[PDB]
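*Asks:* One structure coming up, written as structure tokens, with questions to follow.
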Amino acid sequence: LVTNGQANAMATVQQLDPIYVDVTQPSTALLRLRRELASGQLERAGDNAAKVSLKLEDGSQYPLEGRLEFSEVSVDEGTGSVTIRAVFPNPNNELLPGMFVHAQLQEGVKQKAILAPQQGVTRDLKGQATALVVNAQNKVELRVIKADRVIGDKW
Amino acid sequence: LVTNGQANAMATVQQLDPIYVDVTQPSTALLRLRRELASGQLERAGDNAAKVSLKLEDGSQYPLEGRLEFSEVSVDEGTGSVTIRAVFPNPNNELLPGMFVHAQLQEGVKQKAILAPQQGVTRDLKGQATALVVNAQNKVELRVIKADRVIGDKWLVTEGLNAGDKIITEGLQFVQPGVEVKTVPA
Amino acid sequence: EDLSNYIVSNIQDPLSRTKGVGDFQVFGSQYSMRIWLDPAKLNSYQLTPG
Amino acid sequence: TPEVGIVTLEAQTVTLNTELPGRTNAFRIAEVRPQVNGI
Amino acid sequence: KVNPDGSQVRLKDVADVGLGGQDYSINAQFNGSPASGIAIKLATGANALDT
Amino acid sequence: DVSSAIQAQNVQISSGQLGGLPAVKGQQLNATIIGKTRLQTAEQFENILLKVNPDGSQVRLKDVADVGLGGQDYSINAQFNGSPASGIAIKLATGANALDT
Amino acid sequence: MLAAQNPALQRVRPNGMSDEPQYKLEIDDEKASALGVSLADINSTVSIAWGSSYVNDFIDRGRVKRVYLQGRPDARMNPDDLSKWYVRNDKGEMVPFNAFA
Numbered sequence: 178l179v180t181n182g183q184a185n186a187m188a189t190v191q192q193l194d195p196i197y198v199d200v201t202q203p204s205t206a207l208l209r210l211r212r213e214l215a216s217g218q219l220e221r222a223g224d225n226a227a228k229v230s231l232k233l234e235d236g237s238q239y240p241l242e243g244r245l246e247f248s249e250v251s252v253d254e255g256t257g258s259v260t261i262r263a264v265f266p267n268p269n270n271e272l273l274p275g276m277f278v279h280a281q282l283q284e285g286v287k288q289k290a291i292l293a294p295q296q297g298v299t300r301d302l303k304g305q306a307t308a309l310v311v312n313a314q315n316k317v318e319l320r321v322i323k324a325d326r327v328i329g330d331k332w
Numbered sequence: 178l179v180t181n182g183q184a185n186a187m188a189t190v191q192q193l194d195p196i197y198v199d200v201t202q203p204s205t206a207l208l209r210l211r212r213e214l215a216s217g218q219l220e221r222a223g224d225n226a227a228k229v230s231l232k233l234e235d236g237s238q239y240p241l242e243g244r245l246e247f248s249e250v251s252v253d254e255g256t257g258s259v260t261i262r263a264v265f266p267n268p269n270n271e272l273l274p275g276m277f278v279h280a281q282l283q284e285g286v287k288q289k290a291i292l293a294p295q296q297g298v299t300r301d302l303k304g305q306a307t308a309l310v311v312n313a314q315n316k317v318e319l320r321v322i323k324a325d326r327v328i329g330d331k332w333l334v335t336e337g338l339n340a341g342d343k344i345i346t347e348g349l350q351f352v353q354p355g356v357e358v359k360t361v362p363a
Numbered sequence: 152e153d154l155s156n157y158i159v160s161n162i163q164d165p166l167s168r169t170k171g172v173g174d175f176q177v178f179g180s181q182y183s184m185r186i187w188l189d190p191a192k193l194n195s196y197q198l199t200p201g
Numbered sequence: 035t036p037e038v039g040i041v042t043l044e045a046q047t048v049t050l051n052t053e054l055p056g057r058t059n060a061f062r063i064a065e066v067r068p069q070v071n072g073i
Numbered sequence: 252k253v254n255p256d257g258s259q260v261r262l263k264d265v266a267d268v269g270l271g272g273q274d275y276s277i278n279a280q281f282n283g284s285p286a287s288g289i290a291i292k293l294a295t296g297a298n299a300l301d302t
Numbered sequence: 202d203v204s205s206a207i208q209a210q211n212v213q214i215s216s217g218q219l220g221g222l223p224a225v226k227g228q229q230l231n232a233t234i235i236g237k238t239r240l241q242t243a244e245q246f247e248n249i250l251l252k253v254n255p256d257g258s259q260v261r262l263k264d265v266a267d268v269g270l271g272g273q274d275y276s277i278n279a280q281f282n283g284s285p286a287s288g289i290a291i292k293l294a295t296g297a298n299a300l301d302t
Numbered sequence: 704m705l706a707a708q709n710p711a712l713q714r715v716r717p718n719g720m721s722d723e724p725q726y727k728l729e730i731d732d733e734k735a736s737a738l739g740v741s742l743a744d745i746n747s748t749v750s751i752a753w754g755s756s757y758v759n760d761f762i763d764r765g766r767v768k769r770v771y772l773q774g775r776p777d778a779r780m781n782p783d784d785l786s787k788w789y790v791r792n793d794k795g796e797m798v799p800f801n802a803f804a
């Protein structure tokens with residue numbers, strides 16, 4: 178017996194040829210990227226700002242790349258994170274709605290970057306990063322640098 | 178007192194000449210099947226692919242062999258599992274709706290499958306599967322092998338071991354790698 | 152760690168009870184069935200290390 | 035020299051059935067709900 | 252975890268299990284080839300030759 | 202509940218190590234991660250929080266308990282000619298001299 | 704330095720190690736407990752995921768040895784990989800360490 182205005186359903190008709198990927202992001206990282214992008218050192222790209230390119234549940238790369246979509250304006254009070262959608266093509270039905278997945282969307286292209294290796298950068302008595310350099314008249318001195326991101330094995 | 182559109186059922190009428198068997202496959206197994214069927218190392222079955230046979234609640238195989246349809250397309254959020262439906266004939270009142278059965282969904286056909294006995298593959302202190310193998314120079318070796326699935330009373334090997342070789346099934350004791358030995362059938 | 156397992160499992164226990172040895176120290180460790188938690192898959196199913 | 039039982043193994047084809055858990059549901063179940071009211 | 256449907260996750264779907272050492276801080280190495288050793292301290296009040 | 206919360210706040214947990222063994226190939230960074238440390242002053246036991254709603258309103262240990270340093274055992278306490286004092290009472294050991302001690 | 708400048712000594716040594724960088728992560732206490740996650744779950748996640756916890760024992764080949772439990776060799780190696788670990792909320796949701804640490 179099946180009544181009018183029923184709460185629970187009977188079947189699920191669904192299509193999935195362009196899928197949607199609800200990617201979460203904690204708002205402290207988004208606010209830190211907004212700070213690093215409003216401070217003029219890293220330039221947001223235009224050619225590869227909308228590529229998302231998820232990798233699947235077992236670490237395998239997905240062969241197609243898709244468009245990035247809006248970022249939802251409200252954070253949720255249970256976990257503190259925005260949700261960003263993405264539009265991925267799915268021609269061969271090779272990924273199902275509901276799987277867990279990781280997206281690699283970029284956040285900024287740094288032009289003319291310098292990379293000090295892990296060996297030459299240490300900390301002093303206060304907690305600020307340093308690196309010993311040699312002058313042009315061949316004599317070392319202490320200098321205080323701001324290194325906070327590890328890429329590869331270089332700050 | 179009985180009211181209209183009542184959520185509580187008054188009686189339950191069910192018939193079971195076939196019985197749906199809902200079977201949950203984890204999505205990483207379907208994903209490694211999609212990775213291995215695309216490569217040539219696992220050929221699709223074809224005409225025999227639909228047949229499934231279920232293992233009952235006492236470890237005894239069910240005598241009839243039904244067929245499956247609609248491997249589902251929505252996974253669930255919690256355990257990440259695709260449910261798979263299978264239809265089984267049921268002449269007597271043998272299967273009952275609500276049991277906890279297992280099912281043997283068969284997929285893939287190996288076109289080069291090397292397959293070593295239980296008593297020929299033993300574990301060393303690493304935990305790896307090892308077998309004692311005789312060279313063409315008629316002396317023994319050890320080869321590290323990996324063993325995926327038990328078929329009856331024999332392992333199958335994936336890498337490490339090649340076809341046309343010899344392993345020692347019985348007589349593993351007083352044989353160490355690097356010694357001379359002679360091959361007799363048993 | 153194979154040789155270290157062999158020491159801790161077969162040499163250490165009869166050698167620490169002999170007449171004269173009061174303290175030992177192995178350079179290594181025995182085997183111990185490590186379980187390496189992958190935090191992506193430990194994220195996938197709403198689970199914790201607890 | 036020792037004489038031990040040694041097998042000669044060769045290639046063959048297999049089927050690779052996989053075991054998966056589950057429950058059995060009824061084929062056509064109808065909860066008799068009343069659709070009309072009274073005692 | 253396992254639901255009443257019968258769908259479960261094992262420990263293989265979360266972690267990869269294999270044997271290793273219980274601490275990796277000390278790894279001795281003898282004369283070019285990999286090795287391991289036990290160091291032995293003499294108990295007090297005893298002799299060195301007899302030990 | 203206050204006991205369970207205070208056993209949850211000042212834990213000295215073994216919080217691991219960056220780049221700890223076994224290391225991935227190409228690792229050059231090592232640092233001993235200090236997690237939480239067990240609290241030290243009165244203003245740090247004074248800010249143990251017991252319950253907090255998702256709206257942001259909390260109950261610290263200010264509004265529940267008066268916290269301050271006091272004696273471990275208030276039972277035995279001494280005096281000396283009116284002015285307050287305390288002391289240790291030394292007993293000599295076995296086979297020992299009194300003058301050397 | 705005053706002994707190395709002293710002509711009556713020779714090769715004085717510290718017989719110890721000098722101060723080196725160590726990563727103090729600061730758990731935002733009130734924000735973590737306001738989002739719902741209890742603090743014992745945070746401490747269990749930190750200690751087991753980095754500090755290589757000890758669960759129980761197991762026998763093998765005639766000897767009882769032990770079972771450890773630690774994160775990957777690829778998810779604790781730098782401060783960018785202390786954000787891969789997620790801690791469960793009080794309602795089944797998942798909260799990263801970027802929110803409160």
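Chains as they are written, first to last, in UniProt numbering: chain A, 178 to 332; chain B, 178 to 363; chain C, 152 to 201; chain D, 35 to 73; chain E, 252 to 302; chain F, 202 to 302; chain G, 704 to 804.
All C-beta atoms, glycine included, are put in the ideal place defined by N, C-alpha and C.
So who's on the other strand from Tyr197 of chain A, going by DSSP bridges?
*Replies:* Beta-bridge pairing links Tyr197 of chain A to A:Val264.
*Asks:* Kindly indicate if chain E contains any beta-carbon less than 7 Å away from that of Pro36 of chain D.
*Replies:* With 7 Å as the cut-off, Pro36 of chain D does not count as an interface residue toward chain E.
*Asks:* Starting from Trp332 of chain A, trace the alpha helix (DSSP H) both ways and give me its first and last residue.
*Replies:* Note, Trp332 of chain A: premise wrong, no alpha helix (DSSP H); not H, not E.
*Asks:* Look at the alpha carbon of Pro724 of chain G and the alpha carbon of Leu742 of chain G, and state the distance between them as a whole number of angstroms.
*Replies:* Looking at the two C-alpha atoms, the distance is approximately 27 Å.
*Asks:* Determine the contact status of residue 167 of chain A and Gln281 of chain A, defining contact as a CB-CB distance below 7 Å.
*Replies:* What is shown of chain A runs 178 to 332, which leaves residue 167 of chain A out entirely.
*Asks:* Along chain E, in chain order, which residues have C-beta atoms closer than 7 Å to that of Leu240 of chain F?
*Replies:* Those do not exist, as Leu240 of chain F stays about 30 Å from chain E at its closest Cβ, beyond 7 Å.
*Asks:* Within its chain, find whatever has a CB closer than 6 Å to the CB of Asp722 of chain G; leave out the 5 residues flanking it on each side and keep chain order.
*Replies:* Answer for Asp722 of chain G: no residue qualifies.
*Asks:* What residues in its chain sit with their C-beta under 8 Å from that of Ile291 of chain A, if we drop five residues either side in the sequence?
*Replies:* Closer than 8 Å at the Cβ level, and outside the excluded window around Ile291 of chain A, lies no residue.
*Asks:* Are there three or more Cβ pairs, one per stretch, closer than 8 Å when the region 221-228 of chain F is compared with the region 766-780 of chain G?
*Replies:* Segments in contact, yes.
*Asks:* So, is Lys292 of chain E buried or exposed, given that buried needs 16 or more other C-beta atoms within 10 angstroms?
*Replies:* Exposed, by the Cβ-count rule.
*Asks:* Kindly indicate which residue of B:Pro195, B:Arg209, B:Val352 has the alpha-carbon position closest to the one of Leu245 of chain B.
*Replies:* Answer by Cα proximity: B:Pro195.
*Asks:* Taking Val268 of chain F as the reference, which of F:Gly296, F:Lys226, F:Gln245 has the closest Cα?
*Replies:* Nearest C-alpha to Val268 of chain F: F:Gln245.
*Asks:* Run down chain G in chain order and give the residues with a C-beta less than 7 Å from the C-beta of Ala206 of chain A.
*Replies:* The answer, in chain order, is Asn801.
*Asks:* What's the gap between the Cα of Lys303 of chain B and the Cα of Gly272 of chain E?
*Replies:* Looking at the two C-alpha atoms, the distance is approximately 11 Å.
*Asks:* What residues of chain A sit near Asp783 of chain G, judged by a beta carbon separation below 8 Å?
*Replies:* Going along chain A in sequence order, the residues near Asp783 of chain G (Cβ under 8 Å) are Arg326, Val327.
*Asks:* Scan the region 248-266 of chain B for residues whose Cβ lies nearer than 9 Å to a Cβ of chain A and list them as they occur along the chain.
*Replies:* Within the region 248-266 of chain B, the qualifying residues are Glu249, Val250, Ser251, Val252, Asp253, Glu254, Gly257, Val259.
*Asks:* Under 7 Å, Cβ to Cβ, is there at least one residue of chain B near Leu241 of chain A?
*Replies:* Not closer than 7 Å to any Cβ of chain B, the Cβ of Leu241 of chain A fails to qualify, so no.
*Asks:* Look at the alpha carbon of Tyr197 of chain B and the alpha carbon of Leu219 of chain A, and state the distance between them as a whole number of angstroms.
*Replies:* C-alpha separation (whole angstroms): 59 Å.
*Asks:* Cβ-heavy atom distance between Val190 of chain B and the ligand SAM below 6 Å?
*Replies:* For the structure depicted, the ligand SAM is absent and the ligand set is empty, with no information on it obtainable.
*Asks:* Using a cut-off of 8 Å between C-beta atoms, extract the partners of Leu738 of chain G located in chain I.
*Replies:* Of the protein chains in this structure, namely A, B, C, D, E, F and G, none is chain I.
*Asks:* Looking at chain G, is there any beta carbon in it that lies within less than 7 Å of the beta carbon of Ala209 of chain F?
*Replies:* So, interface residue.
*Asks:* Taking the alpha helix (DSSP H) that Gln280 of chain F falls in, what are its first and last residues?
*Replies:* Here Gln280 of chain F belongs to no alpha helix (DSSP H); instead the beta strand (DSSP E) covers 279-281.
*Asks:* Along the chain, where does the beta strand (DSSP E) that runs through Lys228 of chain B open and close?
*Replies:* 228-232 is the span of the beta strand (DSSP E), which, as asked, contains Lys228 of chain B.
*Asks:* Taking Cβ-Cβ distances shorter than 9 Å, what residues in chain C pair up with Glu234 of chain A?
*Replies:* In chain order: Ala191, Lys192, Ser195.
*Asks:* Output needed in chain order: residues of the region 258-292 of chain E with a Cβ under 9 Å from some Cβ in chain B.
*Replies:* Taking 9 Å as the Cβ-Cβ cut-off against chain B, the residues of the region 258-292 of chain E that qualify are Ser258, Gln259, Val260, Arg261, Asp264, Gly269, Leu270.
*Asks:* Are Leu309 of chain B and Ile345 of chain B touching if we call contact CB-CB under 7 Å?
*Replies:* Their beta carbons are under 7 Å apart, which means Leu309 of chain B touches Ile345 of chain B by this criterion.
*Asks:* Quick one: what's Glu318 of chain B bridged to in DSSP?
*Replies:* Paired residues: B:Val310.
*Asks:* Any idea what DSSP makes of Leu772 of chain G, helix, strand or coil?
*Replies:* In this structure, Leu772 of chain G counts as strand in the three-state DSSP scheme.
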